[PDB]
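Structure at a glance
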Amino acid sequence: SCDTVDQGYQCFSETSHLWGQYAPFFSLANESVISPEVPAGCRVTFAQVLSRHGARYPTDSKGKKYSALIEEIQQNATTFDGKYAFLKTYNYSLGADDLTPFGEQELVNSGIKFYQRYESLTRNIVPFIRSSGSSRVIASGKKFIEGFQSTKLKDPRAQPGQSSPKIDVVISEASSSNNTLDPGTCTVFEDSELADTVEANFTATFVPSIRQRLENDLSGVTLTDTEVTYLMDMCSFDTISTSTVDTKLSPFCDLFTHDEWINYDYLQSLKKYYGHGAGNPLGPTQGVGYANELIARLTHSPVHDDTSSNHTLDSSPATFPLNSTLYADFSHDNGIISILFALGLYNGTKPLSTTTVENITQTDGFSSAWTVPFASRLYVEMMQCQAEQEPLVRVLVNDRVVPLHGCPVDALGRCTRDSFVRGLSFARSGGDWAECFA
Ligand SMILES: *[C@@H]1O[C@H](CO)[C@@H](O)[C@H](O)[C@H]1NC(C)=O
Ligand SMILES: *[C@@H]1O[C@H](CO)[C@@H](O)[C@H](O)[C@H]1NC(C)=O
Ligand SMILES: *[C@@H]1O[C@H](CO)[C@@H](O)[C@H](O)[C@H]1NC(C)=O
C-alpha cells in the first residue's frame, strides 16, 4: 500500500530511493514541475515506451562474493550485537540473475499503467514490441504484456478479439549483433576504463570512514572498501528479494547512515554518467542507433543509421513497421542511459563532480535512480493540439516531464516534431560511431 501500480515503490523512501539503479521503480510524477497530463485541446497520436527489466537477483559473480563475504564476516568477528546481531546467523539464500517475484510484478504494473495512460489508443491498437535478448529482459517484456492484456480485457471500450500483443522481435546480444537497445559492437567503448577510475577515486572519499567504523564494531574482521560497497549492495537485495518487500527494510540498511546512503546513490549516478552517459566520450554514441529508429518512427520514414542498427531487421515492415502507433522496447540500464543522452534529454546537466556529492538540482534532474531504476520507463509521445498544425513531441522519464533540448521548447516541455528531429543532428550524423575503431 506504499507500493502501488501508479506511484511505484514508495515504502522506506528515504533509504530505498538512494540505491541508484538498484532502486525499485518509484514514480517522479510529484516531482514534475510540468504537468504530465495531456493539455486541453490536445490529443496523443503516438506512444513509444522504452523499459528496463524488473528487479533481479544478484548476478552469479556478485552473489558468490556476497555469500563469501558474509561467511568471512561470520568466521572472524567476536561481537555481533546492537544493529549487528542479525549478521551472526544470516543465511544467504538469494537467487541468481533471474527476475524476482517483486521484479515480475513491477513489469505487470508497468503494463497496466501503460495500458491506461494511453487507453484511448491501447483499446484497439496492438503495439509493436521489441526486446533485447536476455532472459530477464524477455521475461520482463512478457510480464508487461501480461498486465497490458489483463487491463485490456477489463476495459469496456476495447475492440476484443484482436491478436495478442507479443514480443515481435528478440534482438540478439551476441558480440557480433547490431543491437540498438544495448549495442555491443563499439570496440573502443567496450574497452573503456573511465568508469572504474571514477568509481575508485570517488569511493576513496567516503567508504574509508565506514570501513573503519565497521571494523571497529565487528572485532576480528578486516574489510576492503569494495567489500563495504557489497554490504551496501545487500541492503537493496535483501529488501526487495523477499516476502517482506513491502513490510520491512533490510537489516543491512541500518548499518549505514542517511548521509552514507547519499554518497552511495551519487556513486551510482557516477558509474552510469561516466560509464554510458555524457561523461564518457563514446557513451551517448551508444544511443545513436535507437535515436535514429525513434526518428524513423516519428517521421514514418526509413531508418537512417550506420551505427548500431541491424539493416535486415530495420529495412523490413515486418520487423520494423513505421506506422504502428504504439511501440514498446525492453532493455538494460546501460543502454537506456546511452539512449537518454543521445536524445539530448540531459543537455542542461553539467558533468558530475568526481569528488563531491551533487543533489538532484545541481544535476538538473539526472541520477541513476531518477532514470534507470529497476523497471524504469521512458515514454515518448507525439500529440496533436488545437492551436497548431504540427505534431508536438513530449518525453517523460519515470513519470517526470523532461523538457526537450536542441529545439524551441515551449513551457509544457514540448517541441514541434520537425524541430525535435532537426535537433538530433548528433544522432543523425552517426554521432562518434567512426571512433569505435580508430
Ligand atoms: C540481423 O538480424 C538477423 C535476423 O534476426 C540476424 O540473423 C543477423 O545476425 C543480424 N545481423 C547482425 C549484424 O546483428
Ligand atoms: C578473515 O580472516 C582471514 C584469515 O585470517 C583473512 O584473510 C580474511 O581477509 C578475513 N576476512 C574478513 C572479511 O574479516
Ligand atoms: C546535446 O549536447 C551534446 C553535448 O555534446 C551535443 O553533442 C548534442 O548535439 C546535443 N544534443 C541536442 C539534442 O541538443
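Listed as the method for this PDB entry is X-ray crystallography; the listed resolution is 2.40 Å.

The name given to the protein chain in the PDB entry is 3-phytase A, with the source organism recorded as Aspergillus niger. In UniProt, the protein chain has this text filed under Subunit: "Monomer." Taken directly from UniProt, the Sequence similarities text for the protein chain runs: "Belongs to the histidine acid phosphatase family."

This part covers the nonpolar core. Counting 92 residues, the largest nonpolar core has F252, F256, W261, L298, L345 and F420 as its most contacted members. Sort the elements by how many residues they give to this core and helix α9 (residues 225–240) lands first, with eight residues. Residues contacting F252, with those up to four places away along its chain left out, are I70, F86, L87, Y90, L231, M234, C235 and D238. Grouped together as the second largest cluster of nonpolar side chains are 24 residues, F114, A158, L326 and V401 included.

Now for the state of the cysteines. Going through the model one piece at a time under the given rule, you end up with five disulfides. Here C186 connects covalently by a disulfide to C436, the sulfurs 2.0 Å from one another. Across the S-S bond linking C186 and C436, the dihedral sits near -95°, which makes this disulfide left-handed. Residue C186 is found in the loop between β5 (169–171) and α6 (187–191), and its partner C436 is found in the segment after α16 (425–428); the two are separated by 250 residues along the sequence. Note on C186: relative accessible area 0%, which makes it buried. By relative accessible area, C436 is classed as buried at 0%. Paired through a disulfide, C407 and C415 show a sulfur-sulfur distance of 2.1 Å. Between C407 and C415 the sulfur-sulfur dihedral comes to about 100°; the bridge is accordingly right-handed. By the burial criterion, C407 is buried, and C415 matches it. In the protein chain, the bonded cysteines, taken in the order they occur along the sequence, pair up as 1-2, 3-7, 4-10, 5-6, 8-9.

Cut-offs used in this document
- Residues numbered from 1 in each chain as written, not as in the entry; some residues may be left out.
- Chains lettered and ligands numbered in written order.
- Heavy atoms only, no water.
- Residues with missing side-chain atoms left out of burial classes, pairs and counts.
- UniProt positions renumbered as here; feature names shortened; annotations may be inferred.
- Core = buried A, V, L, I, M, F, W, Y, C linked by side-chain atoms within 4.5 Å.
- Buried < 20%, exposed > 50% of the residue type's maximum accessible area, 1.4 Å probe, protein only.
- Helix = DSSP H or I, 4+ residues; strand = E, 2+ residues; numbered from the N terminus.
- Contact = heavy atoms within 4.5 Å.
- Disulfide = S-S within 2.5 Å.

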